[PDB]
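In this analysis, Cβ positions are derived from the backbone assuming ideal geometry, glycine residues included, and neighbour counts consider all displayed protein chains. Readers should treat all values here as calculations from the given coordinates under stated rules, not as data from a laboratory.
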There are 2 protein chains.
Amino acid sequence: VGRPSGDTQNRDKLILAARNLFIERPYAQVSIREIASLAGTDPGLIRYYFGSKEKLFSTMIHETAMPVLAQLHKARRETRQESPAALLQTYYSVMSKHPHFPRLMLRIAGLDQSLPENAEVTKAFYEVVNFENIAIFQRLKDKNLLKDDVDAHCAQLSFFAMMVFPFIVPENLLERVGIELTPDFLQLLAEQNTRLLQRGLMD
Amino acid sequence: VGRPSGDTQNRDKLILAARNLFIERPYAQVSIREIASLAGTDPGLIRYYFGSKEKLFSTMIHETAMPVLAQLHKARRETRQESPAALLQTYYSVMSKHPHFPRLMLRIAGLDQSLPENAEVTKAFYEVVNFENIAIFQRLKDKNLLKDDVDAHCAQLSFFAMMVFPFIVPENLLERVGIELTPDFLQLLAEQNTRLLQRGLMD
């Protein structure tokens, strides 16, 4: 779009390269030299634009997340006071368009958060996921809306699993059980899991 | 156990090193030199004992799996004709003792199976998981044991998720929603998901 300067292109090349050496490839100490070689830029531009490799990665996480979170927020404006079903339906609708986002988030979440090399990326991660309704079944239990013997932690965990796991499972394994995660299948799956959750946990 | 020769110890050091550069660390082309340096052996012993790096990795996968599959088979001898609940209860019982096994399997399953470097490890993977009851809800649908509007693919996917996802989610995230996967919690969770599946999908 438009006629970007070499300078802004270079900046965006670095952020793209960071995103790819995360979605597609290497682990911890990918060097500055390697990111810059993938981007096709002077390695000095990482420190110039971002100060550090860690800030390049956190900046990539925010930029990657911004439109995803905007879409989910827009999708959820329409929906009802905490309804597990609505959260799951809108999650599927948005992650249908951003199929790699859940696996990226889960990968970041698995970093060793005790290591100082990971503090900046971890701070970014928790900011990005701060929208999550991590006690929704606790609230439902307290409003007496769950079956009497339902445990909120267990309900929450199984909800989290049905929502997120489809996007984390390798395509190799979905194919093996006859599934492709098309928009149509995710629409069926939203409908099916809505009913599993209602009949399973609510009354 | 016993007094192993340096020769068998060295062999087992290589298999251990392979297992760790898989559970803990690097991606694709970890070299022979690097595996042997981690093991503390001559790099020539990889080709000597195993022929190739790929056969070292497949051999590690089988050896890692053998006692896990034996335990699950033993646990399931006691159980009833296809019962999703029994599969999930025994899975939790065995993966409680082998908490890293599901994440290892899922990691292997995500390799690019079109690449020739991955054919051997992929063959091993599919052998290890050949026990999985990947059409159990299809069979249940056909025996008329599911609710009328239940889709077998969707049921199977949500079952797979509740069974496996707990072991794949980073501990950072379980802790954030107040969960540690203790034997006691997995026992509660088995009980809870048994009821979610019955009330959710069966009649």
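Residue farthest toward the positive end of the dipole of chain A, with Cβ of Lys/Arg at +1 and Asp/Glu at -1: which of A:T64, A:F22, A:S83?
Of the candidates, A:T64 comes out farthest on the positive side.
Put the label 7 Å from Cα along Cα→Cβ for A:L145; what are its distances to the other copies, in nanometres, shortest first?
3.3
Considering only DSSP states other than H, G, I, E and B, which GluC sites (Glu not before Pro) in segment B:12-69 qualify as loop sites with at most 10 other Cβ atoms within 10 Å?
Numbers: sites: B:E24, B:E34, B:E54, B:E63; in loops: B:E24.
For GluC sites (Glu not before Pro) across segment B:12-69 that sit outside H, G, I, E and B with at most 10 neighbouring Cβ atoms in 10 Å, the list reads B:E24.
Take peptide B:175-184, look around each residue's Cβ out to 10 angstrom, count Cβ atoms belonging to other protein chains, and average those counts.
3
In nm, what does the list of distances from A:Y27 to its counterparts in the other copies look like, shortest first, when each label sits 7 Å along Cα to Cβ?
Going from nearest to farthest copy, the values are 1.2 nm.
Ordered shortest first, which distances in nm separate the 7 Å Cα→C-beta label point of B:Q9 from those of the other copies?
Listed shortest first, these distances are 6.0 nm.
Taking only the alpha-carbon positions of chain B and ignoring solvent, what does the Debye formula give for the base-10 log of I(q)/I(0) at q = 0.12, 0.15, 0.18 Å⁻¹?
Log10 of I(q)/I(0), two decimals: -0.74, -1.02, -1.27.
If the only charges are +1 at each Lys and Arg Cβ and -1 at each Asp and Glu Cβ, what is the size of the charge dipole of segment A:52-140 around the Cα centre, to the nearest 20 debye? Mind showing how you got there, number by number?
Working: 11 positive and 9 negative charges, 72 e Å.
Using only the charged Cβ atoms, the result is roughly 340 debye.
Within 10 Å of each Cβ of A:189-199, how many other protein chain Cβ atoms are there on average?
5
Expressed in nm², what is the orientationally averaged projection area of the convex hull enclosing the Cα positions of segment A:44-136?
On the way: hull surface 27.9 nm².
Orientation-averaged projected area of the Cα hull: 7.0 nm².
B:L188 to A:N133: FRET efficiency via 1/(1 + (r/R0)^6), r the Cβ-Cβ distance, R0 30 Å, to the nearest 0.05?
Details: r = 22 Å, r/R0 = 0.73.
Calculated value: 0.85.
Can you give me the long-range amide H partners of B:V169? Hydrogens built in the peptide plane at 1.01 Å from N, cutoff under 5 Å, separation of 5 or more residues or another chain.
Under 5 Å from the amide H of B:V169 lies no amide H from a residue far enough along the sequence or on another chain.
Provide the packing ranking of A:56-62, A:158-164, i.e. peptides ordered by the mean count of other C-beta atoms within 10 Å per residue, highest first. Display every interim value, and only then the final one.
Numbers: A:56-62: 21.0, A:158-164: 23.3.
Highest mean packing first, the order is A:158-164, A:56-62.
Could you tell me which of rounded, prolate or oblate describes segment B:1-68, using a ≥ b ≥ c as the square roots of the eigenvalues of the alpha-carbon gyration tensor, with rounded for a/c under 1.5 and, failing that, prolate when a/b is larger than b/c and oblate otherwise?
Values: a/c = 1.58, a/b = 1.13, b/c = 1.40.
Oblate is the answer for segment B:1-68, as a/c is 1.5 or above yet b/c matches or exceeds a/b.
What is the calculated FRET efficiency for B:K143 to A:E24, with r their C-beta to C-beta distance and R₀ = 41 Å, to the nearest 0.05?
Numbers: r = 43 Å, r/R0 = 1.06.
According to the calculation, E is roughly 0.40.
Run through segment A:77-151 and list the trypsin sites (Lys or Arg not before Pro) located in a DSSP loop whose Cβ has at most 11 other Cβ atoms within 10 Å.
Numbers: sites: A:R77, A:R80, A:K97, A:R103, A:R107, A:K123, A:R139, A:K141, A:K143, A:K147; in loops: A:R80, A:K97, A:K143, A:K147.
Answer in residue order: A:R80, A:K97, A:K143.
Work out, step by step, the length gained on full extension between B:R33 and B:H98: first 0.36 nm times the residue separation, then minus their alpha carbon distance; give nm to one decimal. All intermediate terms of the calculation are to be shown ahead of the outcome.
Values: separation 65, 0.36 × 65 = 23.40 nm, distance 2.90 nm.
Separation in residues times 0.36 nm, less the Cα-Cα distance, equals 20.5 nm.
Could you give the dipole magnitude of chain A about its Cα centre, charging the beta-carbon of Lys and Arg +1 and that of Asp and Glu -1, in debye to the nearest 20?
Working: 24 positive and 24 negative charges, 85 e Å.
Charge dipole of chain A: 400 debye, to the nearest 20.
Put a dot 7 Å past each Cα toward the Cβ at A:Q71 and B:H62; how far apart are the dots in nm?
Once both label points are built, they end up 4.4 nm from each other.
Let me have the 222 nm mean residue ellipticity of chain B computed from DSSP H runs of 4+ only, each contributing -39500 (n - 2.57), with the sum over all residues rounded to the nearest 500. Please report the intermediate quantities before stating the final value.
On the way: 11 runs with 138 residues, N = 203.
Estimated from H runs of four or more residues: -21500 deg cm²/dmol.
Return an integer: the convex hull volume of the alpha-carbon atoms of segment A:78-179, in Å³ per residue.
Values: hull volume 15.0 nm³, N = 102.
In segment A:78-179, the Cα hull volume divided by residue count equals 147 Å³.
Which whole number in µm²/s is D for the protein assembly as shown by Stokes-Einstein, with the Kirkwood Rh taken over Cα pairs at 25 °C and 0.890 mPa s? Could the numbers behind the result be given before it?
Details: Rh = 23.4 Å.
Translational D for this selection: 105 µm²/s.
Using 7 Å Cα-to-Cβ label points, what is the B:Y48/B:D203 separation (nm, one decimal)?
Distance between the two pseudo-spin positions: 6.7 nm.
What is the average number of partner chain Cβ atoms found within 10 Å of a Cβ in A:104-111? Walk me through the numbers on the way to the answer.
Values: counts 0, 1, 4, 1, 2, 6, 7, 2.
That works out to 3 on average.
Taking H placed 1.01 Å from N in the peptide plane, check which residues at least 5 places from A:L146 or on another chain put their amide H under 5 Å from its amide H.
A:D203
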